[PDB]
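So this block is data-v2.cif, mmCIF, N, CA and C atoms:
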data_final
#
loop_
_atom_site.group_PDB
_atom_site.id
_atom_site.type_symbol
_atom_site.label_atom_id
_atom_site.label_comp_id
_atom_site.auth_asym_id
_atom_site.auth_seq_id
_atom_site.Cartn_x
_atom_site.Cartn_y
_atom_site.Cartn_z
ATOM 1 N N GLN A 1 126.223 -122.386 135.406
ATOM 2 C CA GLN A 1 124.881 -121.849 135.192
ATOM 3 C C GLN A 1 123.931 -122.827 134.482
ATOM 4 N N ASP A 2 122.624 -122.746 134.768
ATOM 5 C CA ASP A 2 121.561 -123.541 134.106
ATOM 6 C C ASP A 2 121.378 -123.234 132.599
ATOM 7 N N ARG A 3 122.223 -122.361 132.050
ATOM 8 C CA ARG A 3 122.142 -121.760 130.722
ATOM 9 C C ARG A 3 123.502 -121.918 130.049
ATOM 10 N N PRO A 4 123.620 -121.755 128.726
ATOM 11 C CA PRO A 4 124.903 -121.919 128.055
ATOM 12 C C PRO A 4 125.873 -120.785 128.367
ATOM 13 N N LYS A 5 127.145 -121.111 128.614
ATOM 14 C CA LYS A 5 128.183 -120.097 128.852
ATOM 15 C C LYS A 5 128.511 -119.272 127.607
ATOM 16 N N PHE A 6 128.318 -119.819 126.402
ATOM 17 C CA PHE A 6 128.579 -119.075 125.174
ATOM 18 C C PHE A 6 127.649 -117.871 125.020
ATOM 19 N N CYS A 7 126.503 -117.877 125.715
ATOM 20 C CA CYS A 7 125.604 -116.730 125.760
ATOM 21 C C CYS A 7 126.213 -115.510 126.471
ATOM 22 N N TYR A 8 127.309 -115.688 127.205
ATOM 23 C CA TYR A 8 128.028 -114.629 127.911
ATOM 24 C C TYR A 8 129.119 -114.002 127.062
ATOM 25 N N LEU A 9 129.622 -114.731 126.071
ATOM 26 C CA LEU A 9 130.672 -114.246 125.188
ATOM 27 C C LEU A 9 130.178 -112.950 124.528
ATOM 28 N N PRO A 10 130.883 -111.810 124.706
ATOM 29 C CA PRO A 10 130.519 -110.532 124.084
ATOM 30 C C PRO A 10 130.308 -110.706 122.575
ATOM 31 N N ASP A 11 129.550 -109.785 121.969
ATOM 32 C CA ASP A 11 129.287 -109.852 120.542
ATOM 33 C C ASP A 11 130.609 -109.899 119.778
ATOM 34 N N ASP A 12 130.786 -110.970 119.009
ATOM 35 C CA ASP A 12 131.994 -111.215 118.246
ATOM 36 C C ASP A 12 131.665 -111.233 116.750
ATOM 37 N N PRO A 13 131.404 -110.074 116.129
ATOM 38 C CA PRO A 13 131.280 -109.969 114.674
ATOM 39 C C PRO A 13 132.561 -110.332 113.901
ATOM 40 N N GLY A 14 133.675 -110.495 114.614
ATOM 41 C CA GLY A 14 134.998 -110.679 114.057
ATOM 42 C C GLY A 14 135.672 -109.348 113.709
ATOM 43 N N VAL A 15 136.566 -109.396 112.725
ATOM 44 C CA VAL A 15 137.421 -108.263 112.300
ATOM 45 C C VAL A 15 137.290 -107.923 110.815
ATOM 46 N N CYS A 16 136.272 -108.479 110.157
ATOM 47 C CA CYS A 16 136.023 -108.266 108.733
ATOM 48 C C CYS A 16 135.323 -106.930 108.468
ATOM 49 N N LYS A 17 135.216 -106.576 107.180
ATOM 50 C CA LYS A 17 134.665 -105.307 106.693
ATOM 51 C C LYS A 17 133.379 -105.489 105.865
ATOM 52 N N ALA A 18 132.484 -106.348 106.348
ATOM 53 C CA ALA A 18 131.213 -106.646 105.675
ATOM 54 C C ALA A 18 130.026 -106.141 106.497
ATOM 55 N N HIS A 19 128.825 -106.663 106.235
ATOM 56 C CA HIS A 19 127.627 -106.291 106.982
ATOM 57 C C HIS A 19 126.558 -107.376 106.906
ATOM 58 N N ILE A 20 126.340 -108.123 107.986
ATOM 59 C CA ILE A 20 125.296 -109.160 108.061
ATOM 60 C C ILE A 20 124.483 -108.952 109.353
ATOM 61 N N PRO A 21 123.151 -108.754 109.294
ATOM 62 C CA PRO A 21 122.315 -108.627 110.493
ATOM 63 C C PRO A 21 122.466 -109.865 111.382
ATOM 64 N N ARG A 22 123.010 -109.720 112.583
ATOM 65 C CA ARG A 22 123.238 -110.810 113.528
ATOM 66 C C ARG A 22 122.797 -110.371 114.921
ATOM 67 N N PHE A 23 122.709 -111.302 115.859
ATOM 68 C CA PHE A 23 122.213 -111.060 117.209
ATOM 69 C C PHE A 23 123.076 -111.777 118.223
ATOM 70 N N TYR A 24 123.143 -111.222 119.430
ATOM 71 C CA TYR A 24 123.820 -111.863 120.550
ATOM 72 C C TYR A 24 123.067 -111.567 121.853
ATOM 73 N N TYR A 25 123.212 -112.459 122.826
ATOM 74 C CA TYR A 25 122.659 -112.231 124.162
ATOM 75 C C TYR A 25 123.656 -111.524 125.063
ATOM 76 N N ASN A 26 123.204 -110.477 125.773
ATOM 77 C CA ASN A 26 124.013 -109.756 126.748
ATOM 78 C C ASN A 26 123.526 -110.056 128.179
ATOM 79 N N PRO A 27 124.002 -111.124 128.841
ATOM 80 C CA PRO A 27 123.591 -111.486 130.202
ATOM 81 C C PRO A 27 123.904 -110.391 131.218
ATOM 82 N N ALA A 28 125.028 -109.682 131.050
ATOM 83 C CA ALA A 28 125.428 -108.584 131.946
ATOM 84 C C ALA A 28 124.352 -107.490 132.083
ATOM 85 N N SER A 29 123.532 -107.294 131.043
ATOM 86 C CA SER A 29 122.385 -106.370 131.041
ATOM 87 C C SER A 29 121.033 -107.098 130.968
ATOM 88 N N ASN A 30 121.043 -108.435 130.889
ATOM 89 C CA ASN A 30 119.862 -109.295 130.700
ATOM 90 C C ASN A 30 118.967 -108.853 129.519
ATOM 91 N N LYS A 31 119.582 -108.596 128.363
ATOM 92 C CA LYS A 31 118.881 -108.146 127.159
ATOM 93 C C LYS A 31 119.526 -108.652 125.879
ATOM 94 N N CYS A 32 118.703 -108.871 124.852
ATOM 95 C CA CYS A 32 119.160 -109.212 123.498
ATOM 96 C C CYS A 32 119.443 -107.942 122.692
ATOM 97 N N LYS A 33 120.464 -107.973 121.830
ATOM 98 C CA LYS A 33 120.772 -106.899 120.886
ATOM 99 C C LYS A 33 121.212 -107.452 119.531
ATOM 100 N N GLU A 34 121.045 -106.637 118.498
ATOM 101 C CA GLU A 34 121.458 -106.895 117.122
ATOM 102 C C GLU A 34 122.821 -106.241 116.851
ATOM 103 N N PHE A 35 123.727 -106.980 116.218
ATOM 104 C CA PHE A 35 125.038 -106.498 115.818
ATOM 105 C C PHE A 35 125.269 -106.755 114.331
ATOM 106 N N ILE A 36 126.231 -106.047 113.748
ATOM 107 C CA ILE A 36 126.630 -106.251 112.355
ATOM 108 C C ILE A 36 127.771 -107.254 112.309
ATOM 109 N N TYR A 37 127.534 -108.417 111.719
ATOM 110 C CA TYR A 37 128.554 -109.438 111.510
ATOM 111 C C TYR A 37 129.344 -109.185 110.216
ATOM 112 N N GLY A 38 130.654 -109.474 110.265
ATOM 113 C CA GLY A 38 131.537 -109.363 109.115
ATOM 114 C C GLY A 38 131.642 -110.681 108.346
ATOM 115 N N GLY A 39 132.501 -111.576 108.816
ATOM 116 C CA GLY A 39 132.882 -112.791 108.090
ATOM 117 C C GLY A 39 134.277 -113.334 108.420
ATOM 118 N N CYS A 40 134.905 -112.845 109.493
ATOM 119 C CA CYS A 40 136.268 -113.215 109.878
ATOM 120 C C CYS A 40 136.241 -114.148 111.094
ATOM 121 N N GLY A 41 136.016 -113.563 112.281
ATOM 122 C CA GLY A 41 135.852 -114.279 113.538
ATOM 123 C C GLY A 41 134.376 -114.347 113.946
ATOM 124 N N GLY A 42 134.101 -115.179 114.929
ATOM 125 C CA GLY A 42 132.785 -115.353 115.504
ATOM 126 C C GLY A 42 132.782 -116.380 116.627
ATOM 127 N N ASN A 43 131.600 -116.635 117.169
ATOM 128 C CA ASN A 43 131.383 -117.566 118.266
ATOM 129 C C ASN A 43 130.008 -118.243 118.135
ATOM 130 N N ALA A 44 129.674 -119.115 119.083
ATOM 131 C CA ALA A 44 128.341 -119.730 119.168
ATOM 132 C C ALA A 44 127.212 -118.732 119.524
ATOM 133 N N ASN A 45 127.511 -117.441 119.716
ATOM 134 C CA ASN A 45 126.547 -116.402 120.078
ATOM 135 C C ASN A 45 126.269 -115.495 118.880
ATOM 136 N N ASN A 46 125.461 -115.995 117.947
ATOM 137 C CA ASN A 46 125.260 -115.380 116.632
ATOM 138 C C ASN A 46 123.879 -115.747 116.041
ATOM 139 N N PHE A 47 122.824 -115.135 116.554
ATOM 140 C CA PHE A 47 121.435 -115.390 116.158
ATOM 141 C C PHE A 47 120.916 -114.424 115.098
ATOM 142 N N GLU A 48 119.655 -114.608 114.684
ATOM 143 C CA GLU A 48 118.974 -113.729 113.720
ATOM 144 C C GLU A 48 117.759 -113.016 114.307
ATOM 145 N N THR A 49 117.411 -113.299 115.570
ATOM 146 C CA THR A 49 116.328 -112.616 116.279
ATOM 147 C C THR A 49 116.563 -112.479 117.781
ATOM 148 N N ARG A 50 115.772 -111.610 118.411
ATOM 149 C CA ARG A 50 115.771 -111.410 119.877
ATOM 150 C C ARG A 50 115.031 -112.518 120.616
ATOM 151 N N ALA A 51 113.941 -113.037 120.030
ATOM 152 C CA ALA A 51 113.132 -114.109 120.615
ATOM 153 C C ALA A 51 113.920 -115.427 120.712
ATOM 154 N N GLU A 52 114.773 -115.702 119.723
ATOM 155 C CA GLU A 52 115.736 -116.799 119.758
ATOM 156 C C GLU A 52 116.811 -116.559 120.822
ATOM 157 N N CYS A 53 117.493 -115.408 120.761
ATOM 158 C CA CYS A 53 118.542 -115.029 121.709
ATOM 159 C C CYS A 53 118.126 -115.219 123.177
ATOM 160 N N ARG A 54 116.903 -114.803 123.539
ATOM 161 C CA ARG A 54 116.377 -115.020 124.892
ATOM 162 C C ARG A 54 116.014 -116.485 125.138
ATOM 163 N N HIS A 55 115.484 -117.215 124.157
ATOM 164 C CA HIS A 55 115.141 -118.630 124.320
ATOM 165 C C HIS A 55 116.388 -119.522 124.448
ATOM 166 N N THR A 56 117.561 -119.050 124.012
ATOM 167 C CA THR A 56 118.832 -119.760 124.158
ATOM 168 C C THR A 56 119.359 -119.705 125.581
ATOM 169 N N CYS A 57 119.477 -118.507 126.168
ATOM 170 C CA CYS A 57 120.039 -118.370 127.516
ATOM 171 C C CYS A 57 118.989 -118.077 128.589
ATOM 172 N N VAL A 58 118.022 -117.208 128.293
ATOM 173 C CA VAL A 58 116.917 -116.849 129.202
ATOM 174 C C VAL A 58 115.782 -117.881 129.109
ATOM 175 N N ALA A 59 116.119 -119.150 129.304
ATOM 176 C CA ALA A 59 115.188 -120.269 129.339
ATOM 177 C C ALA A 59 114.971 -120.751 130.782
ATOM 178 N N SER A 60 113.847 -121.443 131.023
ATOM 179 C CA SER A 60 113.495 -122.031 132.331
ATOM 180 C C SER A 60 113.617 -121.043 133.510
ATOM 181 N N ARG A 61 112.795 -119.983 133.512
ATOM 182 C CA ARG A 61 112.788 -118.993 134.596
ATOM 183 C C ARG A 61 111.379 -118.530 134.952
ATOM 184 N N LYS A 62 111.047 -118.627 136.242
ATOM 185 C CA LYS A 62 109.741 -118.296 136.835
ATOM 186 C C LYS A 62 109.913 -117.486 138.123
ATOM 187 N N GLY A 63 110.309 -116.224 137.984
ATOM 188 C CA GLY A 63 110.491 -115.339 139.140
ATOM 189 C C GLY A 63 110.252 -113.887 138.755
ATOM 190 N N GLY A 64 109.222 -113.273 139.338
ATOM 191 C CA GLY A 64 108.762 -111.915 139.041
ATOM 192 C C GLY A 64 107.380 -111.898 138.366
ATOM 193 N N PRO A 65 106.286 -111.682 139.118
ATOM 194 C CA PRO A 65 104.928 -111.647 138.584
ATOM 195 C C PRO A 65 104.671 -110.328 137.826
ATOM 196 N N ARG A 66 105.078 -110.267 136.544
ATOM 197 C CA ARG A 66 104.973 -109.049 135.709
ATOM 198 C C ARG A 66 105.607 -107.825 136.401
ATOM 199 N N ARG A 67 106.940 -107.831 136.513
ATOM 200 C CA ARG A 67 107.705 -106.653 136.981
ATOM 201 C C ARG A 67 107.393 -105.408 136.124
ATOM 202 N N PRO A 68 107.408 -104.201 136.719
ATOM 203 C CA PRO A 68 107.260 -102.929 136.023
ATOM 204 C C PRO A 68 108.488 -102.647 135.133
#

Written as structure tokens, how would this file's structure read?
Amino acid sequence: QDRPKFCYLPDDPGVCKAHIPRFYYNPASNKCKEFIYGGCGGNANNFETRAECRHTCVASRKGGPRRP
């Protein structure tokens, strides 16, 4: 893909018992979401905003003149 494969990795907050506002890209639904990060496991898919999350994987695209 023209985009990073780590953007496909499901949200991986890990297995810890904490709470940190984090974000991941969901290509399967073509949408950004916020998740609660712990502190145990994780991946390269761990942002702090939706505008970043889309600019990471949903970059370089020109198709659909303002879809409904």

Residues matched by the PyMOL selection byres (((chain A and resi 26-43 and name CA) around 6) and name CA), written as a CSV table (one decimal) with N, CA and C atoms, in the frame of the given file:
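Saved the output as expr.csv:
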chain,number,residue,atom,x,y,z
A,8,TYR,N,127.3,-115.7,127.2
A,8,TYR,CA,128.0,-114.6,127.9
A,8,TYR,C,129.1,-114.0,127.1
A,12,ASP,N,130.8,-111.0,119.0
A,12,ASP,CA,132.0,-111.2,118.2
A,12,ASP,C,131.7,-111.2,116.8
A,13,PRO,N,131.4,-110.1,116.1
A,13,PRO,CA,131.3,-110.0,114.7
A,13,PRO,C,132.6,-110.3,113.9
A,14,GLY,N,133.7,-110.5,114.6
A,14,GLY,CA,135.0,-110.7,114.1
A,14,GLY,C,135.7,-109.3,113.7
A,15,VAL,N,136.6,-109.4,112.7
A,15,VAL,CA,137.4,-108.3,112.3
A,15,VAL,C,137.3,-107.9,110.8
A,16,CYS,N,136.3,-108.5,110.2
A,16,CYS,CA,136.0,-108.3,108.7
A,16,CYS,C,135.3,-106.9,108.5
A,17,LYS,N,135.2,-106.6,107.2
A,17,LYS,CA,134.7,-105.3,106.7
A,17,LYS,C,133.4,-105.5,105.9
A,18,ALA,N,132.5,-106.3,106.3
A,18,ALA,CA,131.2,-106.6,105.7
A,18,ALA,C,130.0,-106.1,106.5
A,19,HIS,N,128.8,-106.7,106.2
A,19,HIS,CA,127.6,-106.3,107.0
A,19,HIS,C,126.6,-107.4,106.9
A,20,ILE,N,126.3,-108.1,108.0
A,20,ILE,CA,125.3,-109.2,108.1
A,20,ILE,C,124.5,-109.0,109.4
A,21,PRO,N,123.2,-108.8,109.3
A,21,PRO,CA,122.3,-108.6,110.5
A,21,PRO,C,122.5,-109.9,111.4
A,22,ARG,N,123.0,-109.7,112.6
A,22,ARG,CA,123.2,-110.8,113.5
A,22,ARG,C,122.8,-110.4,114.9
A,23,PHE,N,122.7,-111.3,115.9
A,23,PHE,CA,122.2,-111.1,117.2
A,23,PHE,C,123.1,-111.8,118.2
A,24,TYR,N,123.1,-111.2,119.4
A,24,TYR,CA,123.8,-111.9,120.6
A,24,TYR,C,123.1,-111.6,121.9
A,25,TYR,N,123.2,-112.5,122.8
A,25,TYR,CA,122.7,-112.2,124.2
A,25,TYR,C,123.7,-111.5,125.1
A,44,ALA,N,129.7,-119.1,119.1
A,44,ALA,CA,128.3,-119.7,119.2
A,44,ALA,C,127.2,-118.7,119.5
A,45,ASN,N,127.5,-117.4,119.7
A,45,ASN,CA,126.5,-116.4,120.1
A,45,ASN,C,126.3,-115.5,118.9
A,50,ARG,N,115.8,-111.6,118.4
A,50,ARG,CA,115.8,-111.4,119.9
A,50,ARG,C,115.0,-112.5,120.6

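When atom CA of residue A:7 is paired with atom CA of residue A:61, their separation reads 15.7 Å.
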
For the structure I just gave you, how does DSSP split chain A - specifically, which residues are helix (DSSP H, G or I)? Reply as a ChimeraX atom specification. /A:5-8,50-57

Report, as lines of an AutoDock Vina configuration file, the axis-aligned box around all atoms of stretch 15-33 of chain A present in the file, extended by 6 Å on each side; give centre and edge lengths in Å to one decimal place.
center_x = 128.1
center_y = -108.9
center_z = 118.9
size_x = 30.7
size_y = 19.2
size_z = 38.4

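Using all atoms listed in the file, the smallest distance between any of A:67, A:56, A:47, A:62 and residue A:4 comes from A:56.
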
Give the strand (DSSP E or B) residues of chain A, as assigned by DSSP on the backbone, as a PyMOL selection string. chain A and resi 20-26+31-37+47

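Interatomic distance, atom CA of residue A:6 against atom CA of residue A:65: 28.2 Å.
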
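As for atom CA of residue A:66 and atom CA of residue A:54, they are spaced 16.8 Å apart.
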